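Participant: Chains as they are written, first to last, in this note's numbering: chain P, 1 to 51; chain B, 1 to 379; chain A, 1 to 131; chain F, 1 to 109.
Have a look at this one before I ask anything.
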Amino acid sequence: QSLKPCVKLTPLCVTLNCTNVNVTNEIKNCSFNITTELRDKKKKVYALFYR
Amino acid sequence: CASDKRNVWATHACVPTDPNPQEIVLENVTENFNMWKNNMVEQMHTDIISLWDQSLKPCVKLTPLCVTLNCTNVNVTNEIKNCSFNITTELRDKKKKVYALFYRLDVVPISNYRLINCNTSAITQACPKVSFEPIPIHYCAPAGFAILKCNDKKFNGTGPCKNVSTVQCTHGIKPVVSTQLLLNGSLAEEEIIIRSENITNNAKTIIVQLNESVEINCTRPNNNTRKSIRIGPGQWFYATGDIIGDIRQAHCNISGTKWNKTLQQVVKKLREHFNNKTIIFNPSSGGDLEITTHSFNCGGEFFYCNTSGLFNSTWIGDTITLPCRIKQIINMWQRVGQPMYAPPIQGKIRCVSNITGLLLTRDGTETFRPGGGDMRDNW
Amino acid sequence: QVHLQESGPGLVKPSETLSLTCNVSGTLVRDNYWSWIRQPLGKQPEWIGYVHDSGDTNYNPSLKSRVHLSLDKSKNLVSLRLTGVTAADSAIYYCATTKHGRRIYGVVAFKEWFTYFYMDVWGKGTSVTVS
Amino acid sequence: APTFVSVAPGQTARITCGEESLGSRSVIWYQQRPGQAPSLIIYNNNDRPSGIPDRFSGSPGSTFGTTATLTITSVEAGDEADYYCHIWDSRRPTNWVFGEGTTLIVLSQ
Ligand SMILES: *[C@@H]1O[C@H](CO)[C@@H](O[C@@H]2O[C@H](CO)[C@@H](O[C@@H]3O[C@H](CO[C@H]4O[C@H](CO[C@H]5O[C@H](CO)[C@@H](O)[C@H](O)[C@@H]5O)[C@@H](O)[C@H](O[C@H]5O[C@H](CO)[C@@H](O)[C@H](O)[C@@H]5O)[C@@H]4O)[C@@H](O)[C@H](O[C@H]4O[C@H](CO)[C@@H](O)[C@H](O)[C@@H]4O[C@H]4O[C@H](CO)[C@@H](O)[C@H](O)[C@@H]4O[C@H]4O[C@H](CO)[C@@H](O)[C@H](O)[C@@H]4O)[C@@H]3O)[C@H](O)[C@H]2NC(C)=O)[C@H](O)[C@H]1NC(C)=O
Ligand SMILES: *[C@@H]1O[C@H](CO)[C@@H](O[C@@H]2O[C@H](CO)[C@@H](O[C@@H]3O[C@H](CO[C@H]4O[C@H](CO)[C@@H](O)[C@H](O)[C@@H]4O)[C@@H](O)[C@H](O[C@H]4O[C@H](CO)[C@@H](O)[C@H](O)[C@@H]4O[C@H]4O[C@H](CO)[C@@H](O)[C@H](O)[C@@H]4O)[C@@H]3O)[C@H](O)[C@H]2NC(C)=O)[C@H](O)[C@H]1NC(C)=O
Ligand SMILES: *[C@@H]1O[C@H](CO)[C@@H](O[C@@H]2O[C@H](CO)[C@@H](O[C@@H]3O[C@H](CO[C@H]4O[C@H](CO)[C@@H](O)[C@H](O)[C@@H]4O)[C@@H](O)[C@H](O[C@H]4O[C@H](CO)[C@@H](O)[C@H](O[C@H]5O[C@H](CO)[C@@H](O)[C@H](O)[C@@H]5O)[C@@H]4O)[C@@H]3O)[C@H](O)[C@H]2NC(C)=O)[C@H](O)[C@H]1NC(C)=O
Ligand SMILES: *[C@@H]1O[C@H](CO)[C@@H](O[C@@H]2O[C@H](CO)[C@@H](O)[C@H](O)[C@H]2NC(C)=O)[C@H](O)[C@H]1NC(C)=O
Ligand SMILES: *[C@@H]1O[C@H](CO)[C@@H](O[C@@H]2O[C@H](CO)[C@@H](O)[C@H](O)[C@H]2NC(C)=O)[C@H](O)[C@H]1NC(C)=O
Ligand SMILES: *[C@@H]1O[C@H](CO)[C@@H](O[C@@H]2O[C@H](CO)[C@@H](O)[C@H](O)[C@H]2NC(C)=O)[C@H](O)[C@H]1NC(C)=O
Ligand SMILES: *[C@@H]1O[C@H](CO)[C@@H](O[C@@H]2O[C@H](CO)[C@@H](O)[C@H](O)[C@H]2NC(C)=O)[C@H](O)[C@H]1NC(C)=O
Ligand SMILES: *[C@@H]1O[C@H](CO)[C@@H](O[C@@H]2O[C@H](CO)[C@@H](O)[C@H](O)[C@H]2NC(C)=O)[C@H](O)[C@H]1NC(C)=O
Ligand SMILES: *[C@@H]1O[C@H](CO)[C@@H](O[C@@H]2O[C@H](CO)[C@@H](O)[C@H](O)[C@H]2NC(C)=O)[C@H](O)[C@H]1NC(C)=O
Ligand SMILES: *[C@@H]1O[C@H](CO)[C@@H](O[C@@H]2O[C@H](CO)[C@@H](O)[C@H](O)[C@H]2NC(C)=O)[C@H](O)[C@H]1NC(C)=O
Ligand SMILES: *[C@@H]1O[C@H](CO)[C@@H](O[C@@H]2O[C@H](CO)[C@@H](O)[C@H](O)[C@H]2NC(C)=O)[C@H](O)[C@H]1NC(C)=O
Ligand SMILES: *[C@@H]1O[C@H](CO)[C@@H](O[C@@H]2O[C@H](CO)[C@@H](O)[C@H](O)[C@H]2NC(C)=O)[C@H](O)[C@H]1NC(C)=O
Ligand SMILES: *[C@@H]1O[C@H](CO)[C@@H](O[C@@H]2O[C@H](CO)[C@@H](O)[C@H](O)[C@H]2NC(C)=O)[C@H](O)[C@H]1NC(C)=O
Ligand SMILES: *[C@@H]1O[C@H](CO)[C@@H](O)[C@H](O)[C@H]1NC(C)=O
Ligand SMILES: *[C@@H]1O[C@H](CO)[C@@H](O)[C@H](O)[C@H]1NC(C)=O
Ligand SMILES: *[C@@H]1O[C@H](CO)[C@@H](O)[C@H](O)[C@H]1NC(C)=O
Ligand SMILES: *[C@@H]1O[C@H](CO)[C@@H](O)[C@H](O)[C@H]1NC(C)=O
Ligand SMILES: *[C@@H]1O[C@H](CO)[C@@H](O)[C@H](O)[C@H]1NC(C)=O
């Protein structure tokens, strides 16, 4: 019940470009494209994800 | 509830009324009433929100319209913008360019503009066959309970009532939504009744009940055309198409003399609570349009009228014309994040309403301003 | 009866100032609106602008930087000063009185109206060639 | 640019102007005899100045979606003139140019 009233991450099922350029000398730095509040616009974003 | 198409206030969750409701006068009964602690108010407020929300569930979302709009004023005037945009058709691989008119209040600048709520929430259009015209709702008691009614003509809202009757249920109450002026309600029988929780506070509103109505004639003079745009598989969007004829401003008409008589009487009775001070009426101080203007639903359109032409006077020992704005994207009951799009209504609109009361607030000579957007004060 | 007589050079050089004069008789210049109109041969007439007292003067936007209209109260003359004349200005020019009125379509308090102008008395005009 | 009509004397002429009406209008009609300055026939859709006969009338400015119309009944040889039409409209910008005219040809001279 608690998880019903909130955000789905379906929009993140996109191909990610993941590297280890600035983390260590199990965590990946991934870039990807997402939509914004406008349906005709996309932007590139970065996030860290666990392996 | 009890009651007596597809009206937004008639979801039929409640039973039909008894054609001949009973009332029993209780002789020799004194009962202490307090309208400010009354829980029938909370019950009504909750039911009204639910009827509204239930009614908006089975219809089209306008999420697909959150695209960049290209808005100009090329062919409208020598507050309404002509916007072009790309939409999908029923096929997911095809798009087309369409045009629609939008009111300036519904559109914000960022290929120039965006709908006002696209960075906040999804906009649901009103289901197009649903009427917003109020239907009287009766509230009736369950087994084991009774509703008592106060019949004192001068009762203000609190204290003992010396004439109490038992009713099976209430009179029908129309769920009329308004702000600064209360429309289409009940009138007082002997005099104007000024009532508040605490007449000497500033944090409390004052409800003024008139014993005479004042007519307000409102209109939307532009001959709008409704246009139907297909957004998806059985999903239609209703847009404003070309305006036929002149571009004119919406407005409301209040007789000058009736309004002045009303104020002479309101002031006379206000000096019975306040000392014999100068009383001044001012326009509200500011904030959101929903607070600073007189809003109402007329014919299904949402009007925001400027009442500074009424509340601008000093009291000591013709026709008034109020300009109005129209909005299509609204946020009722002060709920942020749940906007609704009212489809345009084709043809001209006119409605005549009865001003039956006022909502006034004291500023920190006494100063009064119209206001209060909290719907519980209407109920 | 108002009579408007007109004169001018007839021939004006290109990239030169053209000055036409309208001699007003039967009425005074100070009491009316005046307009200048021109009609290129074979074309529908163009309203250049209009001039009056109290600053109530306006011009055809295409001539916004080319035309100066004025009224000489002492000599009771109406005149046009057109600068930088070209082939496109080779038209017959006319002086006319102007009257106006108001078309009301909505609430006057909201300015839902407009002022329209019409020309009742026209002069004979003068033909100007830019060579 | 011009339109032509041909009417026998005694017949009714119909002359029109411009684009469709968008808002309230005030149409002004002028008559131009060749070699002469034009003169006013109608102002404000149907108000004719003194000296103009009742044979000249036109469409109202109250309608939308239509074009300006001048009706000349019982056309005379004296009506062989070009006709110009200056349109004021509440939604369009001021028109500084009279619209294209319609020449009335009168037969059986
Ligand atoms: C809240 O309250 C406010 C305030 O009370 C309300 O606001 C009112 O709203 C209405 C509409 O919403 C406005 O109506 C328009 O009014 C104008 C003006 O008319 C008035 O003034 C006329 C004379 O003034 C003009 O001439 C004098 C001459 O010297 C001049 O000095 C002056 O400067 C000005 O130029 C009066 O004659 C007229 O009265 C006549 O009409 C009355 C109507 O009921 C009638 O009762 C009277 O007995 C008398 O007959 C009045 O006092 C009107 O002109 C306009 O109507 C024209 O335009 C509309 C829109 O396009 C069109 O639909 C109409 O059909 C009409 O168009 C015809 O007439 C035009 C005149 O020029 C002409 O140009 C057109 O081509 C067309 O002509 C054709 O029909 C006529 C028919 O007679 C025919 O003779 C011609 O030959 C031809 O066939 C509207 O009526 C109010 O003005 C406005 N008031 C104010 C103060 O703002 C508000 O609505 C209320 N709100 C609510 C919710 O209730
Ligand atoms: C489409 O939209 C445009 C833009 O809104 C509009 O153009 C404007 O039209 C109005 C109405 O004719 C013009 O307003 C007049 O302006 C003059 C002065 O303007 C000049 O000076 C100012 C100074 O800043 C300049 O900015 C401006 O560009 C000009 O150079 C005023 O004097 C006029 O007042 C008289 O007429 C009014 C009615 O039209 C009366 O209400 C007023 O009382 C005045 O009349 C009285 O005095 C007269 C003189 O003494 C007398 O003869 C009369 O009988 C009476 O006693 C008026 O305010 C405005 O300048 C135009 N231009 C701009 C840029 O706004 C189009 O007309 C509109 N078109 C259509 C079809 O809707
Ligand atoms: C305070 O109390 C006041 C009095 O009750 C209220 O004023 C009243 O408000 C109501 C609702 O706004 C007004 O009723 C509307 O009147 C419209 C005009 O009707 C006139 O013309 C009709 C022509 O046929 C005629 O039959 C009528 O007798 C009258 O002469 C009506 O068009 C409108 O109809 C609506 O409801 C119909 C229900 O069946 C529905 O069929 C209609 O459909 C039409 O419009 C839709 C729009 O999309 C189209 O899609 C349809 O195809 C069709 O064209 C329409 O939905 C309704 O009857 C009432 O007139 C008005 N009274 C006065 C005196 O003006 C105040 O509003 C209250 N105050 C507040 C704040 O609420
Ligand atoms: C006390 O309240 C009752 C209820 O409102 C009043 O009774 C009504 O009186 C009117 C007067 O004609 C009748 O038409 C109604 O039918 C009566 N209602 C009922 C339920 O009987 C009563 O008059 C009031 N008494 C006083 C002294 O004010
Ligand atoms: C937004 O609308 C405007 C409307 O004017 C477009 O600007 C010009 O519109 C005219 C209309 O005939 C075209 O002929 C021009 O070519 C347009 N300008 C350009 C640069 O093409 C404007 O382009 C529109 N913009 C978008 C993104 O639709
Ligand atoms: C969504 O966009 C709207 C419109 O730009 C933002 O609303 C503005 O917020 C600023 C904040 O200072 C106000 O000053 C403006 O007056 C607001 N504009 C309007 C039209 O009300 C809104 O804050 C944005 N929301 C988010 C979550 O970023
Ligand atoms: C409404 O009427 C009631 C009853 O007279 C008022 O209540 C009295 O208020 C005075 C104020 O000093 C108190 O001293 C009394 O003890 C109160 N009586 C009871 C029974 O509580 C009430 O104030 C009036 N409302 C307004 C806004 O004036
Ligand atoms: C607005 O007020 C008017 C009165 O000023 C109401 O009209 C009359 O109200 C009485 C109330 O008993 C009825 O008996 C009359 O039959 C009504 N008149 C007509 C012609 O029916 C009017 O109904 C009020 N409007 C609203 C929405 O309450
Ligand atoms: C009604 O409002 C008045 C005014 O705010 C209240 O009286 C004040 O009570 C506070 C309590 O701390 C005092 O500090 C103020 O000095 C009082 N003001 C005055 C003018 O005496 C009053 O108590 C409220 N009454 C109720 C029933 O809430
Ligand atoms: C608003 O505009 C509509 C559309 O022009 C008018 O309704 C009719 O639409 C049909 C469509 O063919 C025309 O044939 C009719 O002639 C129009 N009506 C009239 C009277 O001409 C509608 O009447 C307009 N509304 C108002 C109040 O004028
Ligand atoms: C609001 O509208 C009503 C009805 O449409 C107006 O009432 C009419 O007022 C005229 C005034 O001369 C009377 O002759 C009519 O008999 C009235 N009609 C009815 C049904 O009573 C009212 O005056 C309008 N109010 C304003 C402020 O204009
Ligand atoms: C209601 O209308 C009044 C005027 O009719 C508005 O008051 C004007 O607001 C502007 C805003 O800067 C001021 O410059 C003017 O000086 C004000 N006029 C007066 C007479 O003071 C008022 O803001 C409008 N209110 C709403 C809510 O729209
Ligand atoms: C309240 O009404 C008064 C007059 O009854 C308005 O006073 C006007 O204020 C403007 C401000 O520029 C002056 O230009 C006017 O000449 C004043 N009128 C008079 C008759 O003196 C006052 O502005 C109104 N208040 C509001 C908020 O509209
Ligand atoms: C985001 O979209 C751009 C568009 O060309 C593309 O080049 C880029 O590689 C995409 N990013 C990822 C991580 O796929
Ligand atoms: C709609 O899509 C086309 C595709 O090229 C684009 O050119 C046009 O500008 C878009 N329209 C808007 C208003 O964004
Ligand atoms: C719309 O885009 C044009 C592009 O130059 C810009 O000049 C104009 O100011 C913009 N308007 C808004 C509301 O962003
Ligand atoms: C409303 O109250 C005032 C207060 O004096 C009174 O004069 C007027 O007659 C009353 N109106 C009605 C309908 O009773
Ligand atoms: C309203 O009453 C006041 C009292 O001073 C008066 O000045 C004003 O002119 C009156 N208004 C009308 C419409 O009579």
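We treat Cβ as the ideally placed atom computed from N, Cα and C, and that holds for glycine.
What would DSSP say about residue 294(B), mapped onto helix, strand or coil?
Facilitator: Note: residue 294(B) maps to strand in three-state DSSP.
Participant: Taking Cβ-Cβ distances below 7 Å as the criterion, which residues of the segment 229 to 250 of chain B are in contact with chain A?
Facilitator: Listed by position, the residues of the segment 229 to 250 of chain B near chain A (Cβ gap below 7 Å) are 246, 248 and 249.
Participant: Let me confirm a value: residue 51(A) is counted as buried when at least 16 other C-beta atoms fall within 10 Å, else exposed. Which label applies?
Facilitator: By the neighbour-count rule (16 or more Cβ atoms within 10 Å), residue 51(A) is buried.
Participant: Assess contact between the segment 254 to 272 of chain B and the segment 190 to 201 of chain B, defined as three or more Cβ pairs (one per stretch) separated by less than 8 Å. Is contact present?
Facilitator: Verdict: yes, contact present.
Participant: Among 125(B), 290(B) and 349(B), which one has its Cα closest to the Cα of residue 231(B)?
Facilitator: The shortest Cα separation from residue 231(B) among 125(B), 290(B) and 349(B) belongs to 125(B).
Participant: According to DSSP, residue 36(A) sits in a beta bridge with which residue or residues?
Facilitator: In DSSP, residue 36(A) forms a bridge with 49(A) and 95(A).
Participant: DSSP has residue 89(F) in a bridge; who is on the other side?
Facilitator: For residue 89(F), which the question treats as bridged, DSSP gives the partners 25(F).
Participant: DSSP has residue 206(B) in a bridge; who is on the other side?
Facilitator: Paired residue(s): 196(B) and 360(B).
Participant: By DSSP, does residue 20(P) sit in helix, in strand, or in coil?
Facilitator: Reduced to three states, the DSSP call for residue 20(P) is coil.
Participant: Does any C-beta atom of chain A lie closer than 7 Å to the C-beta of residue 321(B)?
Facilitator: Judged by the 7 Å Cβ criterion, residue 321(B) is in contact with chain A.
Participant: With a 10 Å radius around its C-beta and 16 neighbouring C-beta atoms as the bar for buried, classify residue 102(F) as buried or exposed.
Facilitator: Label assigned to residue 102(F): buried.
Participant: How is residue 289(B) classed by DSSP in three states: helix, strand or coil?
Facilitator: Looking at residue 289(B) - three-state DSSP - the assignment turns out to be helix.
Participant: Run through DSSP, which three-state label would residue 50(B) get?
Facilitator: DSSP places residue 50(B) in helix when its eight states are reduced to three.
Participant: At which residues does the alpha helix (DSSP H) containing residue 260(B) begin and terminate?
Facilitator: Residues 256 to 270.
Participant: CB-CB under 7 Å to residue 103(B), same chain, minus the five flanking residues each way: which ones, in chain order?
Facilitator: Contacts found: 79, 80, 326, 327 and 328.
Participant: For residue 45(A), which residues in the same chain have their Cβ closer than 6 Å to its Cβ, ignoring the five residues on either side in sequence?
Facilitator: Result list for residue 45(A): 37 and 39, in chain order.
Participant: Considering just the uninterrupted stretch of the beta strand (DSSP E) at residue 461(B), what are its terminal residues?
Facilitator: Because chain B is modelled from 1 through 379, residue 461(B) falls outside the range shown and cannot be assessed.
Participant: What do you reckon, is the C-beta of residue 312(B) under 6 Å from a heavy atom of ligand 13?
Facilitator: Flag set: Cβ of residue 312(B) near ligand 13.
Participant: Hey, out of 27(B), 275(B), 229(B) and 374(B), whose CA is closest to residue 405(B)'s CA?
Facilitator: The question about residue 405(B) has no answer, for chain B in this structure spans 1 to 379.
Participant: Would you report the Cα separation of residue 42(F) and residue 11(A), rounded to the nearest angstrom?
Facilitator: Whole-angstrom Cα-Cα distance: 35 Å.
Participant: Tell me which residue opens and which closes the beta strand (DSSP E) that residue 14(F) is part of.
Facilitator: Residues 13 to 17.
Participant: Count the other C-beta atoms from every protein chain shown that fall within 10 angstroms of the C-beta of residue 82(F), then say buried if there are 16 or more, exposed otherwise.
Facilitator: Answer is buried; the Cβ neighbour count reaches 16.
Participant: Using 7 Å as the limit for Cβ to Cβ distance, is residue 106(A) near chain B?
Facilitator: Yes - at least one Cβ of chain B is within 7 Å of the one on residue 106(A).
Participant: Could you please give the first and the last residue of the uninterrupted beta strand (DSSP E) stretch that includes residue 100(B)?
Facilitator: Unbroken beta strand (DSSP E) run through residue 100(B): 95 to 103.
Participant: Answer with yes or no whether the minimum CB distance from residue 100(F) to chain A is below 7 Å.
Facilitator: By this cut-off, residue 100(F) is an interface position.
Participant: For a quick check, are the C-beta atoms of residue 67(B) and residue 39(P) less than 7 Å apart?
Facilitator: Yes, they are a contact pair.
Participant: In chain order, what are the residues with a CB under 6 Å from some non-hydrogen atom of ligand 10?
Facilitator: Every residue passing the under-6 Å Cβ criterion appears here: 223(B), 244(B), 347(B) and 348(B).
Participant: Please work out which residues of its chain come closer than 8 Å, Cβ to Cβ, to residue 100(A), disregarding the five sequence neighbours upstream and downstream, and give them in chain order.
Facilitator: Excluding residues within five positions, the ones whose Cβ falls inside 8 Å are 33, 115, 116, 117 and 118.
Participant: Between residue 208(B) and residue 358(B), is the Cβ-Cβ spacing less than 7 Å?
Facilitator: Against a cut-off of 7 Å, the Cβ pair of residue 358(B) and residue 208(B) comes out as a contact.
Participant: On the criterion of 16 or more Cβ atoms from any shown chain inside 10 Å, does residue 123(A) qualify as buried, or is it exposed?
Facilitator: Buried is the call here.
Participant: Return yes when at least one heavy atom of ligand 4 lies under 6 Å from the C-beta of residue 20(B), else no.
Facilitator: Every heavy atom of ligand 4 is 6 Å or more from the Cβ of residue 20(B), so no.
Participant: What residues in the segment 39 to 72 of chain B bring their beta carbon closer than 9 Å to a beta carbon of chain P?
Facilitator: Hits within the stretch, in order: 63, 64, 65, 66, 67 and 68.
Participant: Can you tell me which of 177(B), 36(B) and 161(B) puts its alpha carbon nearest to the alpha carbon of residue 302(B)?
Facilitator: The shortest C-alpha separation from residue 302(B) is found at 177(B).
Participant: Is residue 201(B) near ligand 9 - that is, is its Cβ less than 6 Å away from at least one heavy atom of it?
Facilitator: At least one heavy atom of ligand 9 is nearer than 6 Å to the Cβ of residue 201(B), so yes.
Participant: Quick one: is residue 108(A) buried, meaning 16 or more other Cβ sit within 10 Å of its Cβ, or exposed?
Facilitator: Burial call: exposed.
Participant: Tell me whether residue 62(A) sits in a helix, a strand or coil according to DSSP, three-state version.
Facilitator: Of the three classes helix, strand and coil, the one that applies to residue 62(A) here is helix, per DSSP.
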